[PDB]
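Protein chains in written order, with the deposited numbering: chain E, 215 to 246; chain e, 182 to 207, 218 to 1275; chain A, 394 to 442; chain 5, 149 to 167.
A virtual CB, placed ideally from N, CA and C, is assigned to each residue, including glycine.
Below: one structure, written as structure tokens.
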Amino acid sequence: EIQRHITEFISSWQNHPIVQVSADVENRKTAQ
Amino acid sequence: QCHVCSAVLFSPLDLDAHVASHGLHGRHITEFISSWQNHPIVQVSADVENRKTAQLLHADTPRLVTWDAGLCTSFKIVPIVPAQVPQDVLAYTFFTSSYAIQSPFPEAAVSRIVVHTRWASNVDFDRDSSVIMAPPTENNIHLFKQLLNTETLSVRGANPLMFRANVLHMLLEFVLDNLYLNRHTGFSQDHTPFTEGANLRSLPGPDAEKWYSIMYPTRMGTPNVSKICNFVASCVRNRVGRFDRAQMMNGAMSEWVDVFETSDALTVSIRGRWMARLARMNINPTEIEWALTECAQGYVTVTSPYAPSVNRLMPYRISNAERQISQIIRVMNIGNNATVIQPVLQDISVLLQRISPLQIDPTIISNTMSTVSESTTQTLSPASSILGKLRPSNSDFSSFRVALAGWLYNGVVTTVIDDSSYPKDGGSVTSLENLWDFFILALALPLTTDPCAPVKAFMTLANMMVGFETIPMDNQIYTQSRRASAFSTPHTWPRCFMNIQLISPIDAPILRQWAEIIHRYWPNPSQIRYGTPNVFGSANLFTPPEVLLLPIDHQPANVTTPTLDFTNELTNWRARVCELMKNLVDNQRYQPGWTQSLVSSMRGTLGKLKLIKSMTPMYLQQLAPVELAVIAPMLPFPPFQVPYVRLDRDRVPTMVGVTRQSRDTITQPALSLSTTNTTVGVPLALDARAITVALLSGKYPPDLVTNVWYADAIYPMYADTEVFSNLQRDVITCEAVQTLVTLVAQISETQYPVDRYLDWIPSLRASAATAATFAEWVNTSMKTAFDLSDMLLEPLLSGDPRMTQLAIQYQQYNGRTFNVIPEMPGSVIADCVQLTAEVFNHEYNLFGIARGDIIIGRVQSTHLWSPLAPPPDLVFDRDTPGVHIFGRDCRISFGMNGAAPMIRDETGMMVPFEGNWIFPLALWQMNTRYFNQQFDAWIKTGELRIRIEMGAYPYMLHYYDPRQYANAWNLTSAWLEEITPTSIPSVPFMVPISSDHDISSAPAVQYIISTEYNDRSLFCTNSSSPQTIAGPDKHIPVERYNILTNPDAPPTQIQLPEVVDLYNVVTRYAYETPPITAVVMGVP
Amino acid sequence: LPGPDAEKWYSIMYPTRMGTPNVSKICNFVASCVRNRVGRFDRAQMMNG
Amino acid sequence: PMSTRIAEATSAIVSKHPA
Ligand SMILES: [Zn+2]
């Protein structure tokens, strides 16, 4: 499974979260 | 490839190997294959030196099925004095080829029967428990120098207070070996003129001719006149070889045969009843399918197809009592040792984390609360102050997952919230931080298994509100300001919490609301089934056999249920705690010193905490019970639960104990270690912080199909299941317990009656310090044969093993107890030991024991009377007239001025050193150097002869020919000098030799003689002669070859209580032990 | 007993434990005594182990 | 230990040969 772990690594790389609103937004609420 | 289980195979030899697991004729344990993917998983035993691409079996499995080729016997006949004679007929002549006459019995002067365990056998795995005996001319003291005489003043003798212990351990080894199913091995037809047309058995090996004469005494003819060739002439001719074979078969060889061969009833009875025990565990692959399908709670459907056959056996069916007793042993393992609890809870926590669909994300609280806030300008806001406590970091949530895993083990460990998760220093309402600390604490409490968690939930607030509201109490020293951590036992529960009418709403309008909300909306316990009751049994003590007591209510599971469901219990609890925390702040009656109005910010952030979305109250209410029901039957320690109560003070379990003794006895109160806890069990601290963060934030993945997720997650942990090895081990544990209570009661004072077979073998009233040492040897002898390296009977040996029956119990608060006593089913090793004790009561001789006593006295004559069997002239007893019985106070006064020295009779008189006397054996050990100074000159020369009453004794022999002089003083005095106060050297005899021709008549002097009959281990004297003129004669024992000399006898018949026979029916088998396969299919 | 030699004390403690071979005055005493009064005869085992 | 404690109890009273 030496070659197969590369496929597992890439398939766990490509599932990144599309939304990164984890930081605070109350410096942007004021400007909005 | 295989079309049965749909496995891809490569070589046709591998196809023929793979269909053998299905039963089609052409080193694994389980072989599972999935249905939606391509990944077979195969278990293999963990002791292999080179594991590769496979899964291990870490459970300590016992070795039940073990096969035997060779003779099914344990008694061999050895020659003692070899003597060849002139022979009439030398060999058989067919045409020119000569064939040598082979005798079944050793042609010698004196043949005896000694006991070597199996002595001719082909075995794939030996039990490492041999009862090996030397011939009786050799020394025979190392068999009794074994258990407890480990400090002995004389290293060549055995302690006479330990005969019964050593003999019972020998019988336990003799029963614990010959635990073999014998193997069908293949035959060969004969056309010898004395065995014509009889399919004889043939051992495996390089030569089969080696064993034919040793098996079959019939096969050698009668060519001459001798003690064997007048016996074969009396024998019968149609009883040799195979008697009855099976009907069904494979290939050409049958499934089982009945063969006639040399054996003995004592071995073949033990092996027959061992086979009868193992056949009663036979399971069906259809029942395997039913077991796993019912156990998986849905979500998969296994199947296990097979070919029709009868000789397969899969021993896996036990009873509920045999499961419960091993559960009691696993509970007694711990004894307040948290080290044996820790890896269990930690690994169940890790497994329960990796199965679960839920991931605890940190971002739900962070997308709402916003650490920025700064409502006021002086200090921190409420929103930024709760986040400094919650700390939504991704460290771990072991305090949540271990809290879930602790629901399974209630009567062992109890989960509490740790100290210093409470408010510091009592806490006050006027502080900002203590309100959020109370919020975190009161939200985290209802997951603990602590039965006083509602009283802690009330009294944290009642402690925090000292100086604004007052409640009544009862004691005037347990006031309102007592710390909430100290209310850990149900006697501390206040009556003001019990009856909430006593809390006046004028004085405490918020404590009244909190005491009402606890009594109304605290979560309700519930229960759910798991596993299978009929197969796999159930280790459920105090509960019905398929229930899992949960401290939370459950509904059937769906994913499209709304998040703000106030019918859900934990969501209701969060909403009510947030509402009361709002109503506390709304008035500003309780916070002077807040120089600005923080009530708006506080009420807003409590609204946010109330209306946060998180699917952990969905998860803990729907999908966590079915996951506990799936995990729980595949555990090493199956769940030991004690009933959850909500607020019933009248029943709260406070103490769990295990009772070793019987029911109708009054002994010392031997309370177990587990009663010595403040709580019901071992304490267990948890952090309320991580529990509260886990409740407030947790979500599913966006593509969650339960029939995908759970059918996937169930498959590898059922492929690495260990239910079967545990079911095999619990038989051995529940059998060893009954073996212990049967064998210790033979050597100690216990009111438990079992059948009391041997008493004449003397011993002592054993205390606990002696019985524990005996039971340790019993334990390691049980472990060595069944190949174990873990616990078995080891929690029993923690003081006082003199016990009768295992029992477990707890009590409520009001004093009502519950006594669960599992009934003991039919043991096998115990009553096989009892059978061989009954048989040893009749052949005491063959193991090197005599009955009775010793007469030490000079007998000088010519006669050949063989002192194993004396005439009634020399023996005497207590009833013989003129015989002086001697008690303990044998005191010797010397004679003055030529008078004879005298010794004290037990009637008070003084008798001279003359006549027929009686000793107990203990006197000679009390005064062993004073006595033989005084008595040896009178035994050797004078008329003094002495009975020594001792019961049992080992013995050795010394043959002499009676054509010359013989004197037994150099042996008798050598025996009498060596008896120390703690051991006896084995009693030396000398008996004459037997000859055919008449001999000279030389005088001989014998001192040590027996009293009762002892010449039983002698097989046959002078086996090649026509007769024995001079000496003790003995024919071939016709009473042991019953089915050859009695014409009216069925071949099944055995006279096993009186005398074991040495030739009978034995039934040889050819079974199959296939591995355990299944095809796990997914359900839509 | 704990100490250097507990071998010596086992004859000082129990006079009726010895054998009685003699008509010496020690043995005339010991032969006229009660057997079951030696060692422990009562205990209070409240907890196992 | 128990082995020492038993061995002292047995070796406390033994008897030897004369002179
Ligand atoms: Zn297959």
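- Query: For a contact meaning CB atoms closer than 7 Å, what does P1172 (chain e) contact in chain 5?
  - Reply: In the second sequence, counting from the first residue as 1, residue 1172 (chain e) sits at position 981. Near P1172 (chain e) (Cβ distances below 7 Å), the residues of chain 5 are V162.
- Task: Grab me the residues of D435 (chain e)'s own chain with a C-beta within less than 8 Å of its C-beta, minus the 5 sequence neighbours each way, in chain order.
- Result: As a working mapping, residue 435 (chain e) is identified with position 244 in the second sequence. Same-chain partners within the cutoff: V448, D449.
- Query: Three or more C-beta pairs closer than 8 Å, one from the region 696-710 of chain e and one from the region 647-661 of chain e: is that the case here?
  - Reply: yes
- Assign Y407 (chain e) to one of three DSSP states: helix, strand, or coil. As a working mapping, residue 407 (chain e) is identified with position 216 in the second sequence. In this structure, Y407 (chain e) counts as coil in the three-state DSSP scheme.
- Task: Report yes if the C-beta of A1269 (chain e) is less than 7 Å from at least one heavy atom of ligand 1; otherwise report no.
- Result: As a working mapping, residue 1269 (chain e) is identified with position 1078 in the second sequence. Flag unset: Cβ of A1269 (chain e) not near ligand 1.
- Inter-residue spacing [alpha-carbon to alpha-carbon] between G1006 (chain e) and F831 (chain e): For this step, residue 1006 (chain e) is matched to residue 815 along the second sequence. For this step, residue 831 (chain e) is matched to residue 640 along the second sequence. Roughly 21 Å separates the two Cα atoms.
- Check the DSSP bridge columns for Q1051 (chain e) and list the partner residues they point to. Locating residue 1051 (chain e) in the second sequence gives position 860, counting from the first residue. BP columns for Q1051 (chain e) point to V1196 (chain e).
- Message: Once the 5 residues before and after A675 (chain e) are set aside, which same chain residues still bring their CB inside 7 Å of it?
- Response: Here residue 675 (chain e) refers to the residue found at position 484 of the second sequence. Only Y613, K647, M650, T651, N654 meet the Cβ criterion.
- Task: Closer than 8 Å by beta-carbon distance: list the chain e residues that pair up with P149 (chain 5), in chain order.
- Result: To locate residue 149 (chain 5), count along the fourth sequence from 1; it is residue 1. Going along chain e, no residue has its Cβ under 8 Å from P149 (chain 5), so there is no contact; the nearest lies around 11 Å.
- Task: Using DSSP bridges, identify the partner residues of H219 (chain e).
- Result: Along the second sequence, read from residue 1 onward, the residue named residue 219 (chain e) stands at position 28. Per DSSP, none; premise fails for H219 (chain e).
- Within 10 angstroms of its Cβ, does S972 (chain e) collect 16 or more other Cβ (buried), or is it exposed? The residue you call residue 972 (chain e) lines up with position 781 of the second sequence. By the 10 Å Cβ count, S972 (chain e) comes out buried.
- For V847 (chain e), which beta-bridge partners are listed by DSSP? Locating residue 847 (chain e) in the second sequence gives position 656, where the first residue counts as 1. Looking at the DSSP assignment, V847 (chain e) forms a beta bridge with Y1001 (chain e).
- Is DSSP giving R1082 (chain e) helix, strand or coil here? As a first step, residue 1082 (chain e) is located in the second sequence; it is residue number 891 there, counting from the start. Residue state, collapsed to three classes: coil.
- Minimum C-alpha distance to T752 (chain e) - residue among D777 (chain e), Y810 (chain e), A936 (chain e): As a first step, residue 752 (chain e) must be located in the second sequence, where it is residue number 561. For the residues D777 (chain e), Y810 (chain e), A936 (chain e), the minimum Cα distance to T752 (chain e) belongs to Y810 (chain e).
- From which residue to which residue does the beta strand (DSSP E) around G261 (chain e) run? Locating residue 261 (chain e) in the second sequence gives position 70, where the first residue counts as 1. 258-261 is the extent of the beta strand (DSSP E) around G261 (chain e).
- Message: Please tell me whether, using a cut-off of 7 Å, the distance from the CB of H206 (chain e) to the nearest non-hydrogen atom of ligand 1 is below it.
- Response: One-based indexing of the second sequence puts residue 206 (chain e) at position 25. Result no, Cβ not under 7 Å from ligand 1.
- Message: Cβ closer than 7 Å: which chain E residues qualify as neighbours of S557 (chain e)?
- Response: As a position in the second sequence, residue 557 (chain e) is number 366, starting the count at 1. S236, listed in chain order.
- So with Cβ pairs under 8 Å, would you call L955 (chain e) a contact of chain 5? The count along the second sequence starts at 1 and reaches residue 955 (chain e) at position 764. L955 (chain e) does not count as touching chain 5.
- Query: What are the complete beta strand (DSSP E) segments, minimum 3 residues, inside the region 231-291 of chain e?
  - Reply: 232-236, 246-248, 258-261, 266-273, 282-284, 289-291
- Take the Cβ of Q1025 (chain e) as the centre, count every other Cβ of all protein chains shown within 10 Å, and call the residue buried at 16 or more, exposed below. Within the second sequence, residue 1025 (chain e) is the residue found at index 834, counting from 1. Counting Cβ neighbours within 10 Å, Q1025 (chain e) comes out buried, since at least 16 surround it.
- Task: Can you tell me the Cβ-Cβ gap for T458 (chain e) and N369 (chain e), rounded? I've got them flagged as a contact below 8 Å.
- Result: Taking the second sequence and counting its residues from 1, one reaches residue 458 (chain e) at position 267. Taking the second sequence and counting its residues from 1, one reaches residue 369 (chain e) at position 178. Confirmed, about 5 Å.
- Message: Between which residues of its own chain and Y1150 (chain e) is the CB-CB distance below 8 Å, once the five residues before and five after are set aside?
- Response: Taking the second sequence and counting its residues from 1, one reaches residue 1150 (chain e) at position 959. Answer for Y1150 (chain e): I271, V272, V301, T328, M1181, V1182, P1183, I1184, listed in chain order.
- Note down, in chain order, every chain e residue with its Cβ under 8 Å from the Cβ of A155 (chain 5). Position 7 of the fourth sequence, counting from 1, holds the residue named residue 155 (chain 5). Those are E342, listed as they occur along chain e.
- Task: Decide if the region 1009-1029 of chain e is in contact with the region 1156-1167 of chain e; the criterion is three or more beta carbon pairs, one per stretch, under 8 Å apart.
- Result: no
- Query: For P614 (chain e), which of helix, strand or coil comes out of DSSP?
  - Reply: The residue given as residue 614 (chain e) occupies position 423 in the second sequence. In this structure, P614 (chain e) counts as coil in the three-state DSSP scheme.
- Item | Cβ contact (3+ pairs, closer than 8 Å) linking the region 343-352 of chain e and the region 1171-1181 of chain e | yes
- Under a three-way DSSP split, which group does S495 (chain e) fall into? Counted from its first residue, the second sequence places residue 495 (chain e) at position 304. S495 (chain e) falls in the coil class under three-state DSSP.
- Is the CB of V563 (chain e) under 8 Å away from at least one CB in chain E? Position 372 of the second sequence, counting from 1, holds the residue named residue 563 (chain e). Yes, because at least one Cβ of chain E sits closer than 8 Å to the Cβ of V563 (chain e).
- Task: Drop a sphere of 10 angstroms on the beta-carbon of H360 (chain e), count the other beta-carbons inside from all chains shown, and report buried for 16 or more, exposed for fewer.
- Result: As a first step, residue 360 (chain e) is located in the second sequence; it is residue number 169 there, counting from the start. By the 10 Å Cβ count, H360 (chain e) comes out buried.
- Work out the CA separation of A823 (chain e) and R840 (chain e) for me, nearest whole Å. Reading the second sequence from its first residue, position 649 is the one you call residue 840 (chain e). Reading the second sequence from its first residue, position 632 is the one you call residue 823 (chain e). One C-alpha to the other measures close to 29 Å.
- Message: Could you check if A188 (chain e) belongs to the surroundings of ligand 1, using beta carbon to heavy atom distance under 7 Å?
- Response: Locating residue 188 (chain e) in the second sequence gives position 7, where the first residue counts as 1. Checking the Cβ of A188 (chain e) against ligand 1 gives yes.
- Count the C-beta pairs between the region 987-994 of chain e and the region 929-944 of chain e that are closer than 8 Å, then say yes if the count reaches three, no if not. yes
- Residues of the region 510-523 of chain e whose Cβ lies closer than 9 Å to any Cβ of chain A, in chain order: none
- Message: Quick check: what's the CA-CA separation for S1216 (chain e) versus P1238 (chain e)?
- Response: Residue 1216 (chain e) sits at position 1025 when you count from the first residue of the second sequence. Residue 1238 (chain e) sits at position 1047 when you count from the first residue of the second sequence. Taking the straight line joining both Cα atoms gives about 27 Å.
- Task: Check whether the Cβ atoms of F1038 (chain e) and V431 (chain e) sit closer than 8 Å, and answer yes or no.
- Result: Stepping through the second sequence from its first residue, residue 1038 (chain e) is reached at position 847. Stepping through the second sequence from its first residue, residue 431 (chain e) is reached at position 240. No, the pair does not count as a contact, with Cβ atoms beyond the cut-off.
- Task: List the endpoints of the continuous alpha helix (DSSP H) containing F1122 (chain e).
- Result: As a working note, residue 1122 (chain e) is residue 931 in the second sequence. 1119-1131 is the extent of the alpha helix (DSSP H) around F1122 (chain e).
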